[PDB]
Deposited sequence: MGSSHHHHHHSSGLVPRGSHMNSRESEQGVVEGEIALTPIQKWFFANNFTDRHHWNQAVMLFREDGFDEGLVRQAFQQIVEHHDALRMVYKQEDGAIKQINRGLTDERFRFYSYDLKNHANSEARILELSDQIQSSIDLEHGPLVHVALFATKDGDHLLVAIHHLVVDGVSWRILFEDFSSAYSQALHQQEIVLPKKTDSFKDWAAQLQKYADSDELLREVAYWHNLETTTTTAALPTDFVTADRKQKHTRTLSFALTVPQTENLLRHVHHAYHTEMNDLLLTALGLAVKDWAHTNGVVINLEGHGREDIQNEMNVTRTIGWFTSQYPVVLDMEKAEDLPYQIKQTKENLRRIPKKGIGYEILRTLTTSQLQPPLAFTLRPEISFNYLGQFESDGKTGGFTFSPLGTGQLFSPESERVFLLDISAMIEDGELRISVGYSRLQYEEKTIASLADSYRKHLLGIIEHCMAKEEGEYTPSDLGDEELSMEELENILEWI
């Protein structure tokens, strides 16, 4: 892994190709953001010095996207242009802090220039009760794991800055340019060709059953998106984290998907649902690649087929799903590589016919700052089109496993969604109390 400054054109990864093929409205407004807080406040001269080193260290944050001849070309720029856009607000005397911060946050969320950059927007909101720091980055160069690297490096860069040290960050891992270059070689490799029989077997043995909606609409705009969330108590979560795993020796994704399949069964009255599960995507694509400290959009999407044939036997149900995901090779990273990067007609005719309507994503459990209670503002454009009928996220914060279901109000009433969420909880509690008795 080189430690210099990476420049030049990079190839579009499958998750990047999937973003452009959707043809979103205002595709420049499609970000991920976090809002930080510090009671004693931030120093803007130190925040700028930290981000000046972060964007120089992580070369993927200097990316721009050009639409020449209709095709899209992403170039990793050098240290010649601006590395980030900064916003400074002095709201120490203002009346309403939340309504003013949220209003300014949304404007910063929608002002990302994709062709000329920069893709990183940093906003500092100074109030009478501390300083709020908003960090909004376009989703094309960041994902969940990349944000954990950001929290580590920024907390270290800001620490070295106040101690009047020259900011020294850990050694660079493989660049995002090297990953995408190796991704095409692994795409045309023969190890990936050994997966075609599995994905082809999956696409032919499944029976599609459309999920019921309260209403039918052709308006998939993001402005109609609402979220219904439920959380578990911190004794229920630690039981799920420390006392229920090694009875079946499962992982987090096994128990969360088992209770999800039974929830859809008690809610939509089905026995088979195809879920669009998302993985970290930092798997072994040969060449001994290392992307532990690499920031980028590595998200891998692949359909998972849940079976609710016999929901009475919960022991048989958990073992059914646990062994269902073990059958998947390399965490499904090879699925969309086969439909976006592979340059050969695969000997078994793979058609990619599975169209999942539910998306699942487990973000994981979430040291110098603190996270602000304020929101980040609208992350997508209000005119942006919805891709999935239901977006189900899962994260652990403050010792509480908190599930969130995203839906459109033009398709579901909040009561229909609340039934699926209450059915999802009555199975999560049933699993932890069943796995703790074993």
Inset, instruction - Could you sort out which parts of the deposited sequence are absent from the coordinates (no C-alpha) and give them as ranges from 1? - result: 1-25, 392-397, 470-496
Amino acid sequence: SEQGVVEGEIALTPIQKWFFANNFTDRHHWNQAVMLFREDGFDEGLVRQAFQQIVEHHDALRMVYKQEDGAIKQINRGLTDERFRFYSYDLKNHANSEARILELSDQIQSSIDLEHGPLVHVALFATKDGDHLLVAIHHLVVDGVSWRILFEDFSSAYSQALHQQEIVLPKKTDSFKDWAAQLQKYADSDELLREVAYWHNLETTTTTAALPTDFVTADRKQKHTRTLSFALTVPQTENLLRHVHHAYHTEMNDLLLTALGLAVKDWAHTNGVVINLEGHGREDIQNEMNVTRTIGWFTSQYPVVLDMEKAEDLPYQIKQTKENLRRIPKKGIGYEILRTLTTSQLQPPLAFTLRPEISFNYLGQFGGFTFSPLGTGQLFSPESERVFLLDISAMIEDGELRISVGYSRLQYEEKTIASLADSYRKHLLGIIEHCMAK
From here on, numbers count along this sequence of modelled residues.
Legend entry - Comparing 338-346 with 291-299, the one whose average Cα B-factor in the PDB entry is higher: 338-346
Legend entry - Between 13-21 and 426-434 (mean CA B-factor, as deposited), the higher: 426-434
Inset, instruction - Specify which of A99, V274, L140, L114 carries the largest Cα B factor in the deposited PDB entry. - result: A99
Legend entry - Largest Cα B-factor, entry values, listed residues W267, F215, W179, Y87: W267
Inset, instruction - Give the position of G406 by CA B-factor within its chain, expressed as the lowest, middle or highest third. - result: lowest
Inset, instruction - Sort the modelled residues of this chain by their C-alpha B factor and say whether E400 lands in the lowest, middle or highest third. - result: highest
Inset, instruction - Please rank the C-alpha B-factors of the chain's modelled residues and tell me whether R38 sits in the lowest, middle or highest third. - result: highest
Legend entry - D174 - which third its CA temperature factor falls in, relative to the rest of the chain: lowest
Legend entry - CA B-factor ranking of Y186, expressed as a third of its chain: lowest
